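One file, start-v1.cif, carrying mmCIF, C-alpha atoms:
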```cif
data_protein
#
loop_
_atom_site.label_atom_id
_atom_site.label_comp_id
_atom_site.auth_asym_id
_atom_site.auth_seq_id
_atom_site.Cartn_x
_atom_site.Cartn_y
_atom_site.Cartn_z
CA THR A 1 -123.63 -107.16 -141.32
CA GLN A 2 -123.14 -107.31 -145.09
CA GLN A 3 -120.18 -104.88 -145.15
CA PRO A 4 -118.10 -103.60 -142.21
CA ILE A 5 -117.96 -99.87 -141.54
CA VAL A 6 -116.20 -98.92 -138.30
CA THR A 7 -113.63 -101.66 -137.78
CA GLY A 8 -110.93 -102.77 -135.38
CA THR A 9 -107.66 -104.36 -136.41
CA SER A 10 -105.43 -107.13 -135.07
CA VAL A 11 -105.98 -108.96 -131.78
CA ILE A 12 -103.07 -111.12 -130.62
CA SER A 13 -102.70 -113.65 -127.83
CA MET A 14 -100.46 -116.42 -126.55
CA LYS A 15 -100.27 -119.06 -123.83
CA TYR A 16 -97.60 -119.27 -121.14
CA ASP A 17 -96.76 -121.69 -118.35
CA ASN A 18 -99.37 -120.29 -115.95
CA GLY A 19 -102.00 -118.76 -118.20
CA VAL A 20 -102.84 -116.64 -121.24
CA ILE A 21 -102.15 -113.11 -122.42
CA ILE A 22 -104.13 -111.13 -125.00
CA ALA A 23 -103.69 -107.65 -126.44
CA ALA A 24 -105.56 -105.36 -128.81
CA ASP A 25 -105.12 -101.75 -129.85
CA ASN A 26 -107.70 -99.12 -128.90
CA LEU A 27 -108.69 -97.97 -132.38
CA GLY A 28 -111.89 -97.90 -134.40
CA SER A 29 -111.08 -97.10 -138.02
CA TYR A 30 -113.69 -95.73 -140.44
CA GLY A 31 -112.29 -96.94 -143.74
CA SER A 32 -108.82 -95.39 -143.97
CA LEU A 33 -109.71 -92.82 -141.28
CA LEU A 34 -108.38 -93.50 -137.76
CA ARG A 35 -111.66 -92.12 -136.45
CA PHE A 36 -112.33 -93.44 -132.94
CA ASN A 37 -109.45 -93.68 -130.51
CA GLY A 38 -110.02 -95.16 -127.07
CA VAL A 39 -112.10 -98.14 -128.22
CA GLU A 40 -111.74 -101.00 -125.75
CA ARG A 41 -111.73 -104.21 -127.79
CA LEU A 42 -110.84 -106.60 -124.94
CA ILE A 43 -113.97 -107.62 -123.01
CA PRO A 44 -113.30 -109.37 -119.68
CA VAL A 45 -116.07 -111.88 -118.93
CA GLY A 46 -116.04 -112.21 -115.16
CA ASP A 47 -112.59 -112.81 -113.72
CA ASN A 48 -111.25 -115.74 -115.80
CA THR A 49 -112.04 -114.87 -119.43
CA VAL A 50 -111.18 -112.12 -121.90
CA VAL A 51 -112.74 -111.95 -125.37
CA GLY A 52 -110.74 -109.99 -127.94
CA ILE A 53 -112.79 -108.87 -130.92
CA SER A 54 -111.59 -107.58 -134.29
CA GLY A 55 -113.69 -106.30 -137.15
CA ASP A 56 -116.97 -104.40 -137.20
CA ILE A 57 -117.28 -102.35 -134.01
CA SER A 58 -121.09 -102.38 -134.00
CA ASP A 59 -121.05 -106.18 -134.03
CA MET A 60 -118.41 -106.03 -131.29
CA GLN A 61 -120.79 -103.98 -129.14
CA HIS A 62 -123.52 -106.51 -129.92
CA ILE A 63 -121.17 -109.27 -128.70
CA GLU A 64 -120.47 -107.21 -125.57
CA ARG A 65 -124.18 -106.96 -124.82
CA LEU A 66 -124.57 -110.70 -125.45
CA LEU A 67 -121.74 -111.51 -123.02
CA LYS A 68 -123.19 -109.20 -120.36
CA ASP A 69 -126.62 -110.82 -120.68
CA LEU A 70 -125.03 -114.29 -120.65
CA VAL A 71 -123.31 -113.51 -117.34
CA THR A 72 -126.57 -112.10 -115.98
CA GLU A 73 -128.57 -115.18 -116.99
CA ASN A 74 -125.88 -117.47 -115.57
CA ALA A 75 -126.35 -115.68 -112.24
CA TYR A 76 -130.06 -116.60 -112.25
CA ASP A 77 -131.12 -119.32 -109.80
CA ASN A 78 -127.50 -120.40 -109.36
CA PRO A 79 -125.98 -120.02 -105.88
CA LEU A 80 -122.65 -121.26 -107.26
CA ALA A 81 -122.51 -118.48 -109.87
CA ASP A 82 -119.45 -117.12 -108.03
CA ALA A 83 -117.96 -120.60 -107.53
CA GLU A 84 -118.32 -123.97 -109.25
CA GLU A 85 -121.00 -122.85 -111.73
CA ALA A 86 -119.33 -119.63 -112.85
CA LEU A 87 -118.85 -118.98 -116.56
CA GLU A 88 -115.83 -120.88 -117.99
CA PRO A 89 -113.88 -119.71 -121.06
CA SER A 90 -114.91 -122.83 -122.99
CA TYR A 91 -118.59 -122.08 -122.29
CA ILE A 92 -118.29 -118.49 -123.51
CA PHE A 93 -116.37 -119.57 -126.60
CA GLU A 94 -118.82 -122.32 -127.53
CA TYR A 95 -121.72 -119.88 -127.18
CA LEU A 96 -119.92 -117.33 -129.36
CA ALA A 97 -119.03 -119.97 -131.96
CA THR A 98 -122.60 -121.28 -132.11
CA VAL A 99 -123.80 -117.70 -132.64
CA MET A 100 -121.20 -117.03 -135.33
CA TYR A 101 -121.98 -120.21 -137.27
CA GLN A 102 -125.73 -119.55 -137.06
CA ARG A 103 -125.29 -115.98 -138.29
CA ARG A 104 -123.05 -117.24 -141.11
CA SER A 105 -125.63 -119.87 -142.08
CA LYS A 106 -128.36 -117.20 -142.19
CA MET A 107 -126.20 -115.17 -144.64
CA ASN A 108 -126.07 -112.31 -142.07
CA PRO A 109 -122.70 -112.69 -140.34
CA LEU A 110 -121.29 -110.90 -137.34
CA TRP A 111 -118.35 -109.41 -139.23
CA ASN A 112 -115.75 -110.20 -136.56
CA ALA A 113 -112.83 -112.38 -135.56
CA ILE A 114 -112.96 -113.40 -131.89
CA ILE A 115 -110.25 -114.81 -129.62
CA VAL A 116 -111.47 -116.20 -126.30
CA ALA A 117 -108.59 -116.43 -123.82
CA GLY A 118 -108.69 -117.52 -120.21
CA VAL A 119 -108.03 -120.13 -117.56
CA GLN A 120 -110.34 -123.08 -116.93
CA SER A 121 -111.48 -124.17 -113.47
CA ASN A 122 -108.72 -126.81 -113.45
CA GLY A 123 -106.06 -124.21 -114.27
CA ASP A 124 -105.77 -125.32 -117.91
CA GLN A 125 -105.25 -122.49 -120.37
CA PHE A 126 -107.99 -121.84 -122.93
CA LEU A 127 -107.14 -119.96 -126.12
CA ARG A 128 -109.46 -120.36 -129.11
CA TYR A 129 -110.52 -118.43 -132.22
CA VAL A 130 -113.82 -118.12 -134.10
CA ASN A 131 -114.73 -115.82 -136.98
CA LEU A 132 -117.67 -114.67 -139.09
CA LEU A 133 -117.57 -117.95 -141.04
CA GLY A 134 -117.87 -120.07 -137.90
CA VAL A 135 -114.37 -121.49 -138.39
CA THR A 136 -112.87 -122.41 -135.03
CA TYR A 137 -109.33 -123.36 -134.07
CA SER A 138 -106.96 -123.32 -131.12
CA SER A 139 -103.19 -122.88 -130.97
CA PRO A 140 -100.51 -121.80 -128.47
CA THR A 141 -100.53 -118.45 -130.31
CA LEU A 142 -103.55 -116.81 -131.94
CA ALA A 143 -103.92 -113.61 -133.92
CA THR A 144 -106.47 -111.88 -136.14
CA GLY A 145 -105.92 -109.76 -139.22
CA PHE A 146 -102.39 -108.45 -139.71
CA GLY A 147 -101.31 -110.05 -136.44
CA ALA A 148 -102.04 -113.42 -138.02
CA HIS A 149 -99.36 -112.58 -140.61
CA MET A 150 -96.82 -110.67 -138.50
CA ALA A 151 -97.47 -111.25 -134.79
CA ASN A 152 -97.86 -115.02 -135.14
CA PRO A 153 -94.30 -115.49 -136.53
CA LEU A 154 -92.80 -113.55 -133.62
CA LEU A 155 -94.94 -115.36 -131.04
CA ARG A 156 -94.29 -118.85 -132.46
CA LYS A 157 -90.57 -118.09 -132.09
CA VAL A 158 -91.30 -118.12 -128.34
CA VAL A 159 -93.92 -120.91 -128.15
CA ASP A 160 -93.53 -123.14 -131.22
CA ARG A 161 -95.16 -126.31 -129.85
CA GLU A 162 -97.11 -127.36 -126.77
CA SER A 163 -93.92 -128.42 -124.97
CA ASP A 164 -92.66 -124.82 -125.04
CA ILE A 165 -95.62 -123.50 -123.01
CA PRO A 166 -94.40 -124.67 -119.55
CA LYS A 167 -90.99 -123.14 -120.37
CA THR A 168 -92.50 -119.71 -121.12
CA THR A 169 -92.52 -117.28 -118.20
CA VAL A 170 -95.09 -114.49 -118.06
CA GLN A 171 -92.29 -111.93 -118.52
CA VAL A 172 -91.19 -113.56 -121.79
CA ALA A 173 -94.77 -113.79 -123.05
CA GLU A 174 -95.60 -110.17 -122.19
CA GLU A 175 -92.35 -108.95 -123.78
CA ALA A 176 -93.19 -110.90 -126.94
CA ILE A 177 -96.73 -109.50 -127.02
CA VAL A 178 -95.45 -105.93 -126.64
CA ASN A 179 -92.82 -106.42 -129.35
CA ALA A 180 -95.50 -107.83 -131.67
CA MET A 181 -97.73 -104.83 -130.96
CA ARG A 182 -94.82 -102.53 -131.84
CA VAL A 183 -94.19 -104.42 -135.10
CA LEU A 184 -97.90 -104.17 -135.92
CA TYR A 185 -97.81 -100.42 -135.30
CA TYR A 186 -94.80 -100.30 -137.64
CA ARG A 187 -96.38 -102.17 -140.54
CA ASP A 188 -100.19 -101.93 -140.13
CA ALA A 189 -101.79 -98.83 -141.65
CA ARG A 190 -104.96 -99.25 -139.55
CA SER A 191 -103.31 -99.76 -136.15
CA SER A 192 -102.88 -97.51 -133.13
CA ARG A 193 -99.97 -96.74 -130.83
CA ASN A 194 -102.20 -97.09 -127.76
CA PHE A 195 -103.35 -100.59 -126.86
CA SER A 196 -104.69 -102.67 -123.98
CA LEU A 197 -103.36 -105.94 -122.61
CA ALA A 198 -104.83 -108.63 -120.38
CA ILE A 199 -103.16 -111.45 -118.44
CA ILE A 200 -105.29 -114.32 -117.14
CA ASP A 201 -103.21 -116.37 -114.69
CA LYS A 202 -104.23 -119.42 -112.68
CA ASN A 203 -102.31 -118.21 -109.61
CA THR A 204 -103.02 -114.47 -109.62
CA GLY A 205 -106.15 -112.66 -110.74
CA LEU A 206 -107.03 -111.09 -114.06
CA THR A 207 -104.65 -108.20 -114.78
CA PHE A 208 -106.01 -105.61 -117.21
CA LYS A 209 -103.42 -103.05 -118.33
CA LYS A 210 -104.99 -100.08 -120.11
CA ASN A 211 -103.57 -97.07 -121.94
CA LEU A 212 -100.34 -98.83 -122.86
CA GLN A 213 -98.16 -97.29 -125.56
CA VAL A 214 -95.74 -98.71 -128.10
CA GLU A 215 -92.29 -97.51 -127.03
CA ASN A 216 -88.66 -98.00 -128.13
CA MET A 217 -89.41 -97.03 -131.72
CA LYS A 218 -86.51 -97.27 -134.18
CA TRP A 219 -86.83 -94.37 -136.63
CA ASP A 220 -83.36 -92.78 -136.65
CA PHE A 221 -82.05 -94.61 -139.73
CA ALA A 222 -84.84 -92.89 -141.70
CA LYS A 223 -82.65 -89.77 -141.78
CA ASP A 224 -80.16 -91.62 -144.00
CA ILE A 225 -82.74 -92.68 -146.63
CA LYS A 226 -82.67 -90.25 -149.56
CA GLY A 227 -84.76 -90.57 -152.70
CA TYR A 228 -85.88 -93.86 -154.23
CA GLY A 229 -82.65 -94.95 -155.91
CA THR A 230 -80.41 -92.44 -157.70
CA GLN A 231 -81.02 -89.36 -155.53
CA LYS A 232 -77.83 -88.40 -153.68
CA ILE A 233 -78.96 -85.38 -151.65
CA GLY B 1 -177.93 -115.40 -109.10
CA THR B 2 -175.05 -117.73 -108.27
CA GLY B 3 -172.11 -119.48 -109.92
CA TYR B 4 -169.96 -116.35 -110.14
CA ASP B 5 -166.92 -117.98 -108.51
CA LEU B 6 -166.67 -120.87 -111.00
CA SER B 7 -164.99 -118.91 -113.82
CA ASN B 8 -162.21 -116.34 -113.85
CA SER B 9 -162.68 -112.71 -114.95
CA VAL B 10 -166.40 -112.90 -114.08
CA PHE B 11 -167.80 -110.01 -112.05
CA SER B 12 -170.00 -110.90 -109.11
CA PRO B 13 -172.99 -108.64 -108.34
CA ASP B 14 -170.86 -106.90 -105.68
CA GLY B 15 -168.14 -106.14 -108.25
CA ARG B 16 -165.65 -108.81 -107.17
CA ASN B 17 -163.61 -111.45 -108.98
CA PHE B 18 -163.94 -114.41 -106.63
CA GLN B 19 -161.29 -116.46 -108.44
CA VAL B 20 -158.71 -113.80 -107.57
CA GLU B 21 -159.77 -113.94 -103.92
CA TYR B 22 -159.46 -117.73 -103.96
CA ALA B 23 -155.95 -117.23 -105.34
CA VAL B 24 -155.34 -114.92 -102.38
CA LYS B 25 -156.56 -117.71 -100.10
CA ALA B 26 -154.00 -119.99 -101.74
CA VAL B 27 -151.39 -117.29 -101.08
CA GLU B 28 -152.27 -116.94 -97.39
CA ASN B 29 -151.76 -120.70 -96.99
CA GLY B 30 -148.12 -120.29 -98.06
CA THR B 31 -144.97 -119.80 -96.01
CA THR B 32 -144.10 -116.38 -94.62
CA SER B 33 -141.94 -113.97 -96.63
CA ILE B 34 -141.10 -110.37 -95.78
CA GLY B 35 -139.33 -107.33 -97.18
CA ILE B 36 -137.90 -104.30 -95.36
CA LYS B 37 -137.01 -101.04 -97.10
CA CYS B 38 -134.11 -99.35 -95.31
CA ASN B 39 -132.39 -96.01 -95.83
CA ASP B 40 -130.27 -97.06 -98.83
CA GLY B 41 -131.56 -100.48 -99.85
CA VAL B 42 -133.91 -103.39 -99.29
CA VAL B 43 -133.79 -106.70 -97.42
CA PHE B 44 -135.81 -109.81 -98.24
CA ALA B 45 -136.35 -112.78 -95.94
CA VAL B 46 -138.27 -116.04 -96.17
CA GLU B 47 -139.09 -119.06 -94.00
CA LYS B 48 -138.39 -122.44 -95.65
CA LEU B 49 -140.38 -125.30 -94.11
CA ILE B 50 -137.97 -128.19 -93.47
CA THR B 51 -140.51 -130.98 -94.02
CA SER B 52 -137.88 -133.60 -93.16
CA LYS B 53 -134.17 -133.74 -92.45
CA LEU B 54 -133.74 -135.46 -95.84
CA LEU B 55 -133.90 -131.97 -97.38
CA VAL B 56 -130.40 -130.74 -98.23
CA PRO B 57 -129.87 -127.58 -96.14
CA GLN B 58 -128.86 -124.28 -97.77
CA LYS B 59 -130.28 -125.62 -101.04
CA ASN B 60 -133.84 -125.26 -102.38
CA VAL B 61 -133.48 -121.50 -102.67
CA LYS B 62 -136.67 -119.41 -102.69
CA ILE B 63 -135.40 -115.84 -103.15
CA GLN B 64 -134.86 -115.12 -106.84
CA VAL B 65 -132.85 -112.41 -108.58
CA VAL B 66 -133.96 -110.34 -111.57
CA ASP B 67 -131.28 -108.58 -113.64
CA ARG B 68 -128.48 -107.87 -111.13
CA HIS B 69 -130.30 -105.40 -108.86
CA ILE B 70 -133.86 -106.71 -108.32
CA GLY B 71 -134.76 -109.21 -105.60
CA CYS B 72 -138.07 -111.10 -105.59
CA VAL B 73 -139.57 -113.37 -102.93
CA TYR B 74 -143.06 -114.80 -102.96
CA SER B 75 -145.59 -116.64 -100.83
CA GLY B 76 -148.06 -119.13 -102.25
CA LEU B 77 -147.66 -121.50 -105.19
CA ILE B 78 -143.87 -121.55 -105.71
CA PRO B 79 -144.23 -122.54 -109.41
CA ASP B 80 -146.41 -119.50 -110.12
CA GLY B 81 -143.75 -117.38 -108.43
CA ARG B 82 -141.08 -118.89 -110.66
CA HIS B 83 -143.28 -118.19 -113.70
CA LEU B 84 -143.76 -114.56 -112.67
CA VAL B 85 -140.02 -114.18 -112.04
CA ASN B 86 -139.23 -115.57 -115.50
CA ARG B 87 -141.65 -113.09 -117.07
CA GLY B 88 -140.03 -110.28 -115.09
CA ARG B 89 -136.59 -111.39 -116.24
CA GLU B 90 -137.76 -111.21 -119.86
CA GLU B 91 -139.20 -107.75 -119.18
CA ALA B 92 -135.96 -106.52 -117.60
CA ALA B 93 -133.93 -108.00 -120.46
CA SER B 94 -136.03 -106.25 -123.11
CA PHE B 95 -135.90 -102.97 -121.18
CA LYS B 96 -132.10 -103.16 -120.94
CA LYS B 97 -131.86 -104.02 -124.64
CA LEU B 98 -133.93 -101.03 -125.73
CA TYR B 99 -133.10 -98.31 -123.17
CA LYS B 100 -129.57 -99.44 -122.11
CA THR B 101 -129.97 -98.66 -118.40
CA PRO B 102 -131.20 -101.44 -116.08
CA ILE B 103 -134.94 -101.34 -115.53
CA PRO B 104 -136.06 -99.05 -112.68
CA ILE B 105 -137.98 -100.65 -109.84
CA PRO B 106 -141.28 -98.82 -110.60
CA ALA B 107 -141.03 -99.84 -114.26
CA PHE B 108 -140.41 -103.48 -113.32
CA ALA B 109 -143.27 -103.32 -110.83
CA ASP B 110 -145.62 -102.11 -113.55
CA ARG B 111 -144.44 -104.86 -115.91
CA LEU B 112 -145.22 -107.53 -113.30
CA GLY B 113 -148.50 -105.82 -112.41
CA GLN B 114 -149.70 -105.65 -116.01
CA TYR B 115 -148.83 -109.32 -116.46
CA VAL B 116 -150.68 -110.43 -113.32
CA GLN B 117 -153.66 -108.18 -114.08
CA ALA B 118 -153.86 -109.52 -117.63
CA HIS B 119 -154.07 -112.95 -116.05
CA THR B 120 -157.41 -111.79 -114.48
CA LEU B 121 -159.10 -110.67 -117.72
CA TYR B 122 -159.92 -114.04 -119.31
CA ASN B 123 -161.63 -117.22 -118.19
CA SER B 124 -159.15 -119.26 -120.25
CA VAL B 125 -156.38 -118.54 -117.71
CA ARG B 126 -156.08 -118.94 -113.91
CA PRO B 127 -155.06 -116.03 -111.65
CA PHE B 128 -151.61 -116.07 -110.09
CA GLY B 129 -151.48 -117.89 -106.76
CA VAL B 130 -148.64 -115.83 -105.29
CA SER B 131 -147.98 -112.61 -103.44
CA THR B 132 -144.65 -111.06 -104.40
CA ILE B 133 -142.35 -108.79 -102.39
CA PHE B 134 -139.68 -107.38 -104.68
CA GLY B 135 -137.46 -104.37 -105.11
CA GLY B 136 -133.97 -102.96 -105.18
CA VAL B 137 -131.86 -99.88 -105.82
CA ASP B 138 -132.05 -97.77 -108.98
CA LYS B 139 -130.96 -94.25 -109.90
CA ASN B 140 -133.76 -92.90 -107.67
CA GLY B 141 -132.79 -94.90 -104.58
#
```
Structure re-expressed in structure tokens:
Amino acid sequence: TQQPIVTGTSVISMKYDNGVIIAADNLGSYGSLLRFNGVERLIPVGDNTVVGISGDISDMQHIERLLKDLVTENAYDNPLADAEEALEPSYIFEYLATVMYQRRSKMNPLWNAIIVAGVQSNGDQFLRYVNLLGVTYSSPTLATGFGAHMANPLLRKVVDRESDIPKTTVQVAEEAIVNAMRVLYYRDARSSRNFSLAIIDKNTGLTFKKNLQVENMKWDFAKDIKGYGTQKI
Amino acid sequence: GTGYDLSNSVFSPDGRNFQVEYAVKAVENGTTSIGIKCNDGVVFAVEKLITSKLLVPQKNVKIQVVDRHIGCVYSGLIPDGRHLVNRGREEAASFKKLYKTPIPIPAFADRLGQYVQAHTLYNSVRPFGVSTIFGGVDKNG
């Protein structure tokens, strides 16, 4: 991809004491046109990994097909494909990052930003980010696009360092993620009110909430704004 | 004349390819493997010869999976069976990539058949020393 066409906006995610949470709005924009609603941009890989993808939607579908075929090929000649030798978040992320860096080095990048979130076999939380340049990094909070400018400040208020992760309940993390999605809907011109969320916990399964909506929207004060300075009526 | 059985893809005066029949002999000397088509699916079974009790039980799996819906078992030279299963996995992968839906069982059967038959067209390659029972459930049952 030399120039993105149909794109998806911010993907946000954060760690908490028992796992990870990741959210992304269900919107595929065509330039400034909110063209495709109902675009799932969180891809669960098995039952312990969710890949959130932002950017070109065609490349996102390519990544989806790659993840499906990776799961399929991991099942081959592997009786522990449902047990010890199942696909780990770190494996999926390293594969994705290798692919992204190779595509970047061939001057034909997958125009995306990817956040791999999940829980390792030993219960450790995995939360890492790769992009079309091959740049990789991990943090207690991760976000792509506008989320990286607006959601990350709100989420770091909750989990500022590693020590704050064990103190963060899943309720606090989910509330922070939903508030960040609402703020993004407030101040991102290419965002959607409908979004999907995914919790990957070491004690419970993978919880995939779909068709969520930004609620509790503060718009009343807008009735008191008149003109752009000197207008009185 | 004579010497027809020394090279592959050579027709004997009775119209036979003796190298293929020798491959079938190699197949018949293999362990037993069966497949049963039922009303809504298929079952595959195989006998694994426990040469000694040093073999780790429940390991050394013989039944292989292609895509997520095709099962393949074979009798004969196990490595040739693994080779054929790898080829079939490539075929199923390419079919999924192009046509989106998982490969139907007749399509996969023809892929494997064309591969095995092509291995009987040239003297520079050896015929496959396996018999393969495979199948599964597609949109047609």
Under the PyMOL selection byres ((chain A) within 9 of (chain B)), which residues of this model are included? Write them out as a VMD selection string.
chain A and resid 65 69 72 to 73 75 to 77 79
Nearest residue to residue A:193 out of A:25, A:88, A:17, A:162, using only C-alpha atoms?
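Counting only C-alpha atoms, the residue closest to residue A:193 is A:25.
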Compute the distance from (-123.0, -112.8, -143.8) to each atom, counting all atoms listed in the file, keep the residues with any atom at most 10 Å away, and return them as a VMD selection string; use the coordinates of the file.
chain A and resid 1 to 3 100 to 111 132 to 133
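From atom CA of residue B:18 back to atom CA of residue B:75, the distance works out to 19.4 Å.
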The PyMOL selection byres ((chain B and resi 47) around 10) on the file shown: which residues, as a PyMOL selection string?
chain B and resi 30-34+45-46+48-50+62+75
Expected answer as a ChimeraX atom specification: all residues with atoms within 10 Å of (-102.1, -109.5, -131.6), all atoms listed in the file
/A:9-14,21-25,52,115,141-152,155,177-178,180-181,184,197
Please return the centre and edge lengths, in Å to one decimal, of a box with edges along x, y and z that contains all listed atoms of stretch 127-136 of chain A, widened by 8 Å on every side, as JSON.
```
{"center_x": -112.5, "center_y": -118.5, "center_z": -133.6, "size_x": 26.7, "size_y": 23.7, "size_z": 30.9}
```
Just the residues within 7 Å of residue A:113, please, counting all atoms listed in the file, with nothing from its chain fewer than 3 positions along; format it as a VMD selection string.
chain A and resid 53 to 55 130 to 132 144
Neighbours of stretch 39-43 of chain B within 10 Å (all atoms listed in the file; same-chain residues fewer than 6 positions away dropped), as a compact mmCIF listing (two decimals) with C-alpha atoms, in the coordinates of the input?
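The resulting file, result01.txt, is reproduced below:
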```
# COMPACT_ATOMS: atom_id res chain seq x y z
CA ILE B 70 -133.86 -106.71 -108.32
CA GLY B 71 -134.76 -109.21 -105.60
CA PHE B 134 -139.68 -107.38 -104.68
CA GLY B 135 -137.46 -104.37 -105.11
CA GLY B 136 -133.97 -102.96 -105.18
CA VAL B 137 -131.86 -99.88 -105.82
CA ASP B 138 -132.05 -97.77 -108.98
CA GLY B 141 -132.79 -94.90 -104.58
```
Would you mind listing what lies within 8 Å of residue A:15 as a PyMOL selection string, with all atoms listed in the file counted and same-chain residues fewer than 6 positions away left out?
chain A and resi 21+125+127+140-141+159+165+173
Distance of atom CA of residue B:7 from atom CA of residue B:124, expressed in Å to one decimal place:
8.7 Å
So how many Å separate atom CA of residue A:71 and atom CA of residue A:206, to one decimal?
16.8 Å
What lies within 10 Å of residue B:125 using all atoms listed in the file, ignoring chain neighbours under 5 positions off, as a list in words?
residues 7, 8, 9, 118, 119 and 120 of chain B
Would you save the residues from that selection as a PDB file, in the coordinates of the input, using C-alpha atoms?
```pdb
ATOM      1  CA  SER B   7    -164.990-118.910-113.820  1.00  0.00           C
ATOM      2  CA  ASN B   8    -162.210-116.340-113.850  1.00  0.00           C
ATOM      3  CA  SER B   9    -162.680-112.710-114.950  1.00  0.00           C
ATOM      4  CA  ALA B 118    -153.860-109.520-117.630  1.00  0.00           C
ATOM      5  CA  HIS B 119    -154.070-112.950-116.050  1.00  0.00           C
ATOM      6  CA  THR B 120    -157.410-111.790-114.480  1.00  0.00           C
TER       7      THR B 120
END
```
Give me the residues within 7 Å of residue B:133 as a PyMOL selection string, counting all atoms listed in the file and dropping any in the same chain fewer than 2 places off.
chain B and resi 34-35+72-74+131
Residue nearest residue A:186 among A:226, A:41, A:218, A:62 (counting all atoms listed in the file)
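Between A:226, A:41, A:218, A:62, the residue approaching residue A:186 most closely is A:218.
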